[PDB]
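Just the one chain here, the form deposited in one PDB entry, laid out as structure tokens.
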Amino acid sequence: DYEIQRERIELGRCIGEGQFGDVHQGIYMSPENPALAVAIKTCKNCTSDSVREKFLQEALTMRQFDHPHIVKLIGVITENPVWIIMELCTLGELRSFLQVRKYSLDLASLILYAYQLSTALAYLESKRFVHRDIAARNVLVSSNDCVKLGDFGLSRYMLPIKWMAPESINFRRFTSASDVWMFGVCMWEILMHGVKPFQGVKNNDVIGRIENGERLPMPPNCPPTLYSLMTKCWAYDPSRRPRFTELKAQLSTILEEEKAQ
């Protein structure tokens, strides 16, 4: 079921570097279907059963999810060298896409991306799963009107201090409420066209500013209703933060109001 024959894969260019090895673009010659564009996770030192075990569990992690805005697992090649075949998001990394299209992208598109991610994160919340690393860094672009959460294994930390909730920095507490804080910072990066939060600020100075009430500023052209939604995600008390179901519904309202100008 999940096992792929290596001769059905054509390896292409390197599209990134992971913890276990390089990630490549490629083609999967599907048994009785048209060839698919794929992403190949390779493993450099998977010859030992300890590294091989940790690598293949990353594929099992993606196998338990089925959502239109989360990258899907295509299969694995468990003979050496071990590979994990994932779906390809043709247009690449979100920060890069937003920076190149800083002027060719309308506000309705930015809100759509934020909305699509809240549907993936509400699906994850429904399965009681805490992501622990929500940032534009781990968002990929399938098409002009479609973004997805990238591979969970390839997501660096599953420390990104400038994205973390105060309880995650102070006590290493990771809940769905701490993911809402992280999503708020992701929405700010989207609206800022791929600009990193807190530039020119040292990681240790970050918690001092946050505890004193300092928050990321309202991005230019960001609807005031959307910035008020981000500030609710940034409530110090995690019980005061909204849930992903409320975030999804409110993002849908802000989106339709922008579509009707």
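If you superpose the two forms and keep the largest set of C-alpha atoms that fall within 1.5 Å, you have the rigid core. Counting begins at 1, following the sequence as shown.
What comes next is about the form deposited with a small molecule bound, which does not appear here.
- You can rule out all but one of 200 to 208, 43 to 51, 66 to 74, 222 to 230: in the bound PDB entry, only 66 to 74 has residues with a heavy atom within 4.5 Å of the small molecule.
- In the bound PDB entry, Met182 approaches the small molecule with a heavy atom inside 4.5 Å.
- Taking the partner from the other structure, the small molecule in the bound PDB entry has no heavy atom within 4.5 Å of any heavy atom of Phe174.
- Interface membership of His131, defined by any non-hydrogen atom within 4.5 Å of the small molecule in the bound PDB entry, is confirmed.
- Residue contact check for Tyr115: none of its heavy atoms lie within 4.5 Å of the small molecule in the bound PDB entry.
- By the 4.5 Å heavy atom rule, the three marked residues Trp188, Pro217 and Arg240 all fail to count as contacting the small molecule in the bound PDB entry.
- When the two forms are superposed on their rigid core between this form and the one not shown, the C-alpha shift of 2 Å or more among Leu191, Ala120, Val147, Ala136 belongs solely to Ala136.
- Relative to this conformation, an increase of 3 Å or more in the Cα-Cα distance between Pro219 and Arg137 is found in the bound PDB entry.
- An increase of at least 3 Å in the separation of the C-alpha atoms of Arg132 and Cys222 is found in the bound PDB entry, compared with the displayed form.
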